[PDB]
Every structure is written in C-alpha cells, then in structure tokens.
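Novice: Have a look at this one before I ask anything.
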Amino acid sequence: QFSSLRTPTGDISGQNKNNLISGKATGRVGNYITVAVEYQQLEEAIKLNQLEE
Amino acid sequence: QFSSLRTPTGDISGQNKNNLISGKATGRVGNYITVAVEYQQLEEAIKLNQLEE
Amino acid sequence: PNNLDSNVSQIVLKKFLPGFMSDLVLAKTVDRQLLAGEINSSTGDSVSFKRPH
C-alpha cells in the first residue's frame, strides 16, 4: 500500500518517498485423522458378509 | 554419518538405530568492490585515444 | 529421535492475496466533455465560460 505527495510544480526533491515493506501469511499442518479396525481370519471366513457395506 | 552393528546372525532387534540429523553450511554477500573514473568532454575530443586500453 | 529441519527451507510462494479497493462514483457523474482538451499550451493555466444573462 502506497501514499502520495501534492506539489504545485511536481518538485519532489526534498521529501519522503514510500517505503517498501513486505508481509506474509503462513499456514501449517494439523494432526492426522485416522480410523483403524481389525479382525481375525476366522471371522472373515464364517462371519463378515457384506464387508463392503 | 552412520554407525554399524556386528552380530553372528544379523538379528538387530532391541538395539539402537542411527538417528538422522541434518546440518547445513551458509554463505553471505560481502561489500561492493568499485573503481570509478571521470574525465571532461574536452579531453575525450582531443586527448583520450584507446580509452578501451 | 530424528531432527530433519535443516533438510528443508522456509519458502515464500510467488503469489499475492487480494487487497481492498474502493468505488469511483463521483468521477463518472460530474461534467466531463465540457472541460476536455480546453486547457492546453496556447491557453496558459486557466480558462473561462459565460454565465447567462
């Protein structure tokens, strides 16, 4: 963002110009989101039907 | 840099592994090196031949 | 424990966010065509129009 001088003739010799100053926005990583399950090979064979449902 | 383990069978369970630690080297800018000359327009007209030399 | 953070660098992507802005409605609606090109080098720094009788 800038600002301006007002001169009758445009003579800016003795004055303060703009300064350049840089900011930045930062962003990070959060935690993981994890869902985990388990089950026995025997349970799969005789019990879990419609596993994908 | 790493370190190694010596066992009869190759069984490393229970012992310490190598951590990974990064270092870095930095380098920086100096000052300027500057030579500056000046001469009159009169001199360029009647005096300085071979100015490139 | 590993310490990796001298492996990587802190990056500022080349992109800018949006700024704020402002509306220009006075300029559009005042009188424009009447003073256009009237102050020029033959004129010096002012010019004049006639009040009605």
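In the structure tokens, each chain is lettered A, B, ... as it comes, each chain's residues begin at 1, and ligands are numbered from 1 in order of appearance.
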Report, to one decimal in Å, the C-alpha RMSD of chain B against chain A after an in-order least-squares superposition over all those atoms.
Specialist: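 Rounded to one decimal, the C-alpha RMSD is 1.5 Å.
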Novice: Using only C-alpha atoms, determine which residues of chain C fall within 10 Å of chain A; present them as an NGL selection string.
Specialist: :C and (12-13 or 16-17 or 19-20)
Novice: One number please: atom CA of residue 22 of chain B to atom CA of residue 2 of chain B, in Å, one decimal.
Specialist: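 Separation of atom CA of residue 22 of chain B and atom CA of residue 2 of chain B: 12.4 Å.
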Novice: Just the helix (DSSP H, G or I) stuff from chain A, please, per backbone DSSP, written as a compact mmCIF listing (two decimals) with N, CA, C and O atoms, in the first residue's frame.
Specialist:
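See states_13.txt below for the written result:
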# COMPACT_ATOMS: atom_id res chain seq x y z
N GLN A 41 -8.83 -63.83 10.77
CA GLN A 41 -9.09 -64.55 9.53
C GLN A 41 -10.30 -65.48 9.66
O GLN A 41 -11.06 -65.65 8.71
N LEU A 42 -10.46 -66.11 10.82
CA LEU A 42 -11.62 -66.98 11.01
C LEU A 42 -12.92 -66.19 10.93
O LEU A 42 -13.86 -66.62 10.26
N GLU A 43 -12.99 -65.02 11.58
CA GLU A 43 -14.18 -64.17 11.46
C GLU A 43 -14.49 -63.81 10.02
O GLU A 43 -15.65 -63.75 9.64
N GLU A 44 -13.47 -63.58 9.18
CA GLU A 44 -13.77 -63.22 7.80
C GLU A 44 -14.44 -64.36 7.06
O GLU A 44 -15.36 -64.14 6.26
N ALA A 45 -13.98 -65.59 7.31
CA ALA A 45 -14.45 -66.75 6.56
C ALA A 45 -15.91 -67.08 6.87
O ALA A 45 -16.68 -67.39 5.96
N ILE A 46 -16.29 -67.12 8.16
CA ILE A 46 -17.61 -67.56 8.58
C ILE A 46 -18.54 -66.45 9.07
O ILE A 46 -19.68 -66.76 9.44
Novice: May I ask for the distance between atom CA of residue 53 of chain C and atom CA of residue 33 of chain C, given in Å to one decimal place?
Specialist: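 Calculated distance between atom CA of residue 53 of chain C and atom CA of residue 33 of chain C is 23.2 Å.
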Novice: Kindly give the distance, in Å, that separates atom CA of residue 45 of chain C and atom CA of residue 10 of chain A, rounded to a single decimal.
Specialist: 14.9 Å
Novice: Using only C-alpha atoms, which protein or nucleic acid residues come within 12 Å of residue 4 of chain B? Drop anything in the same chain fewer than 6 positions from it, and give the result as a VMD selection string.
Specialist: chain B and resid 10 12 15 to 18
